[PDB]
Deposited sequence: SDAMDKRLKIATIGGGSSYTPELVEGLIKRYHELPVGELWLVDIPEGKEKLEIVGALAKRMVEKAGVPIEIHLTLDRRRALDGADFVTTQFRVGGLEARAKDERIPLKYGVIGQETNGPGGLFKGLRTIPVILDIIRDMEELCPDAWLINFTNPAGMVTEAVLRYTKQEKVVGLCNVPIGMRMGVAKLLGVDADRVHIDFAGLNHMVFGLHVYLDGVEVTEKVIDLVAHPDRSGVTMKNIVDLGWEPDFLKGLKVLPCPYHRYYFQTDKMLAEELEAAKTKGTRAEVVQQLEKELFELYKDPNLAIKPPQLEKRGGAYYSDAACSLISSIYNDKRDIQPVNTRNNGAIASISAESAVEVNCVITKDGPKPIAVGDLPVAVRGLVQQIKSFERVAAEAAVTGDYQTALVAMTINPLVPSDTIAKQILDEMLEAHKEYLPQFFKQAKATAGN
């Protein structure tokens, strides 16, 4: 029987996870689910932890929900470890989204400066969790939701001996559901060869009942978002929503500026929503299907299903332009020995440059996250496609370094 530790127990999406485990309990004999968090979020943990208890006993499914702020207890003998935490909270995210806007640069949680700083905040903690796992549970799988999930995965591959790693993304499922709605068909009739990186993923080929309908779908997509039809038809593959930061950069910067000055940035909007939702969890959607994909992956691993899922894993040559050591997001066969990537060959020339830039970014950013080397951080910032110059790169870097002092132990060793 299985013990599953979830770091970031105090999260809004926690019910989605337990719901997932409830759905799959016949397949997944989860004996105990340990929900762990830190002192500064134990109200959120006890609120969602309690709903989780109602849900499982109401559904008559015998997972023991354990709540703790001591993750060594949760990790002790775990079979799977999931990460769904936010370092610095939504207030740290708000700084990521606001600071770069001043400079006329994209401010977003996983793209641009803010994705750099999210990585810098997150991976030190992931490196810590791995230190604990290489002892309390050296056999366990690390299943990472926590963002920049591609950069996170990269660091674990390069700076760690944890070969049992997978990164989840929710974009591929959104795209499958999108193309299906467009085609006016149930999603189980749609398959997509996904390839690229996390939040940097293309639909190279779309199939309907196993027969290729890519061109057909591309005609639909531009004609019923907001792609130039001839660009999309010229491209011959399906971009994900995150490609708008790179191919529609002016549009995304305008949205951000607008949001910042009206509704609030995404983190400020997410904050309002999160507050009026813990209040819902007090006594007896859209946003993310993350834990759905996590549950599918865990179940497939545990059961050796060998069904196909898009996940983040070690390339091992599935994409020729990407190092064998690096993380890619591709369709994989999910075995009990882990995800087995399906050969892609390489990305089309058209998009191969963009993915190589992001990879370059991911690799230099992940290095800076582990070393805390300032010059290295400045290079990461400067080479990012969304940063105009070295001058601006330094300005943002120095302001954000200072803004996130408390959450940057590799850069600031200080006070607690």
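- Gaps without C-alpha coordinates occur at 1-6, 231-242, 303-313, 446-450, with positions taken along the deposited sequence from 1.
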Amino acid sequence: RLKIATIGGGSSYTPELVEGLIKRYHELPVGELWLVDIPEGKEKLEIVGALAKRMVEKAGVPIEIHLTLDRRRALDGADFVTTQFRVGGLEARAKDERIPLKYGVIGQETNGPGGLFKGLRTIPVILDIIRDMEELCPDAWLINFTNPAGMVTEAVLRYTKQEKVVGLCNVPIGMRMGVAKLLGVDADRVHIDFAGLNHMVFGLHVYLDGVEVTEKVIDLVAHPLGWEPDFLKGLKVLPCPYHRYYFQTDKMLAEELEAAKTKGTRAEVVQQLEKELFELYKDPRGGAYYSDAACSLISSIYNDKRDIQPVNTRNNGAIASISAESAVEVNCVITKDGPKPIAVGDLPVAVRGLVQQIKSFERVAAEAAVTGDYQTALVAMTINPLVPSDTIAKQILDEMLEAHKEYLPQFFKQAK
From here on, numbers count along this sequence of modelled residues.
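- Stretches 250-258 and 74-82 differ in mean C-alpha B factor, with the higher average recorded for 74-82.
- Legend: mean Cα B-factor per stretch from the PDB entry, 268-276 versus 163-171; the higher mean is in 268-276.
- If you compare the C-alpha temperature factors of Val387, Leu378, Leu69, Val364 in the entry, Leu69 comes out highest.
- In the deposited coordinates, the residue among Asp139, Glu329, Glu109, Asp337 with the greatest CA B-factor is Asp139.
- In this PDB entry, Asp292 carries a Cα temperature factor that places it within the highest third of its chain's modelled residues.
- When the modelled residues of the chain are ordered by their C-alpha B factor, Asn315 lands in the lowest third.
- Annotation for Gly353: CA B-factor lies in the lowest third of the chain's modelled residues.
- Ranked within its chain, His223 lands in the highest third, by CA B factor from the PDB record.
- In this PDB entry, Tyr281 carries a Cα temperature factor that places it within the highest third of its chain's modelled residues.
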